[PDB]
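Protein chains in written order, with my numbering: chain D, 9 to 58; chain U, 69 to 107; chain H, 66 to 115; chain B, 229 to 326; chain X, 63 to 111. Here the structure comes first, spelled out in structure tokens, and everything after it is commentary.
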Amino acid sequence: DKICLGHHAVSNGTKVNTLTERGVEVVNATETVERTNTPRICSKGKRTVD
Amino acid sequence: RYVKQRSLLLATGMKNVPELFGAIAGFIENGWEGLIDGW
Amino acid sequence: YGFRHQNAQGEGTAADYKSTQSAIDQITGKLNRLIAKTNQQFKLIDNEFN
Amino acid sequence: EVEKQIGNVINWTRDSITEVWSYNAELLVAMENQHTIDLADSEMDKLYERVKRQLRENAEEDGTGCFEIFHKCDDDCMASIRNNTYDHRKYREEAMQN
Amino acid sequence: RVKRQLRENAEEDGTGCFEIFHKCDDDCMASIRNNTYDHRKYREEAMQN
Ligand SMILES: *[C@@H]1O[C@H](CO)[C@@H](O)[C@H](O)[C@H]1NC(C)=O
Ligand SMILES: *[C@@H]1O[C@H](CO)[C@@H](O)[C@H](O)[C@H]1NC(C)=O
Ligand SMILES: *[C@@H]1O[C@H](CO)[C@@H](O)[C@H](O)[C@H]1NC(C)=O
Ligand SMILES: *[C@@H]1O[C@H](CO)[C@@H](O)[C@H](O)[C@H]1NC(C)=O
């Protein structure tokens, strides 16, 4: 006697800048900048001379 | 200006369907090949 | 964006506010995004008087 | 200690390029974010009216996202709508005492 | 938004303009513009048309 239709939501979203806002609440998000290095000269496969 | 690619093709027709809005490859299934004047 | 009617009692043009302010702020969004400032300071590398 | 005059060119050049990528970085994301949201809204509407001309002369509307069938439709009838095989001419004769 | 609000009430021409099929005076014309037209009052007489 009725067939509604919907989408999915969570409780806690993440806040992203679109082109016409700051901070829109979005169900999942993804970091695009790298912040954590590795404090070691990772020299596999190269005959290293210190 | 010097690029590093050697081919970069640019479209100038619709999507080729032989036999965002959902009519080209949509609820109109195939294209026509027996239509030669209009698009 | 407004209305206009016609009936047995005449005529009348109104307006509609919700859609009007739905449109103005998005351009104002585009405006305030574009109107922004450089924080980057450039020095004097080439001489002029000799 | 690189030499003074040539070291100033490198710092000038480096920070110049740095403003270019950091500008490119945030427009690329923001432009991408905008297309992501109506992509999921487009797919919401295409699904929505697909039910409408499937329930061709059968449903009215309210405007919440929800249809309103005008004859008794039990759970197999409710199943035939969700797998894209509802056959409306069974019911067109009795979706019109309404 | 005006169309499924005027659910079984308006036809169309294709200029941007609807066409009501019963006598709709200016309060009826006001109830359409503030999103509170209640069509079942008139569905019984938007169907001699
Ligand atoms: C959401 O994005 C993160 C990226 O940090 C990913 O690990 C995760 O699998 C994604 N999906 C969900 C449902 O959280
Ligand atoms: C160039 O910049 C670095 C810091 O990024 C600084 O240590 C160096 O002294 C600069 N060169 C000159 C010639 O000022
Ligand atoms: C619904 O779809 C499935 C998948 O094709 C089909 O097997 C089934 O018979 C359909 N109808 C009902 C009433 O489940
Ligand atoms: C139109 O909208 C206003 C604002 O909610 C409301 O007060 C009024 O009663 C509505 N109806 C008419 C007939 O003006």
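Don't be surprised by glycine CBs; every beta carbon is placed ideally from N, CA and C.
Residue state for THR40 (chain D) is assigned as coil, using DSSP reduced to three classes. The three-state reading of DSSP puts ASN72 (chain H) in strand, counting E and B together.
Secondary structure of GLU29 (chain D) (DSSP, three-state): coil. About 4 Å separates the CB atoms of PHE295 (chain B) and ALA287 (chain B); that is less than 8 Å, so the two are in contact. Taking non-hydrogen atoms of ligand 1 into account, the C-beta of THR28 (chain D) is found less than 6 Å away from none of them. In summary, the residues of the stretch 244-259 of chain B whose CB is separated from some CB of chain H by less than 7 Å are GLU247, in the order they occur in the chain. At a C-beta separation below 9 Å, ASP87 (chain X) has these neighbours in chain H: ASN72, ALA73, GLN74. Beyond the five residues adjoining it in sequence on each side, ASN25 (chain D) comes within less than 8 Å, by CB distance, of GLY31, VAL32 in the same chain, given in chain order. Proximity to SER19 (chain D) across D:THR46, D:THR56, D:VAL35 peaks at D:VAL35, based on C-alpha coordinates. When Cβ pairs closer than 8 Å are counted between the two stretches, the stretch 275-290 of chain B is seen to touch the stretch 305-323 of chain B, the count reaching three or more. The closest CA to that of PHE95 (chain U), considering only B:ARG317, B:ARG278, B:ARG310, B:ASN311, is found on B:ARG278.
Put simply, the residues with a CB less than 5 Å from any heavy atom of ligand 3 are B:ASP304, B:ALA307, B:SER308, B:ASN311, in chain order. Selection around ligand 2 by beta-carbon proximity, strictly under 6 Å to any non-hydrogen atom, yields B:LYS232, B:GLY235, B:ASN236, B:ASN239 in chain order. The three-state secondary structure of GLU296 (chain B), taken from DSSP, is strand.
Proximity of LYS274 (chain B) to chain U, defined by a Cβ-Cβ separation below 7 Å, is satisfied.
In the DSSP assignment, the residues bridged to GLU288 (chain B) are B:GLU296. One Cα belongs to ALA37 (chain D), the other to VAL257 (chain B), and the distance between them is close to 11 Å.
No Cβ of chain B is located within less than 7 Å of the beta carbon of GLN86 (chain H). Residues of the stretch 91-104 of chain H with a C-beta less than 8 Å from any C-beta of chain D: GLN91, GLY94, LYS95, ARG98, listed in chain order. The beta carbon of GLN282 (chain B) is closer than 8 Å to those of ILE309, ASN312, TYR314, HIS316 in its chain, skipping five residues each way along the sequence. Closer than 8 Å at the C-beta level to chain H, one finds these residues of the stretch 25-46 of chain D: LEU27, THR28, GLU29.
Your pair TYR276 (chain B) and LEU27 (chain D) does not check out as a contact, with CB atoms roughly 25 Å apart and the cut at 8 Å.
In the three-state scheme derived from DSSP, where H, G and I count as helix and E and B as strand, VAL64 (chain X) is classed as helix. Straight through space, the alpha carbons of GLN262 (chain B) and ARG69 (chain H) are spaced by roughly 34 Å. Within the stretch 89-107 of chain X, contact with chain H at the beta-carbon level (separation under 9 Å) is assigned to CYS90, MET91, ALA92, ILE94, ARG95, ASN97.
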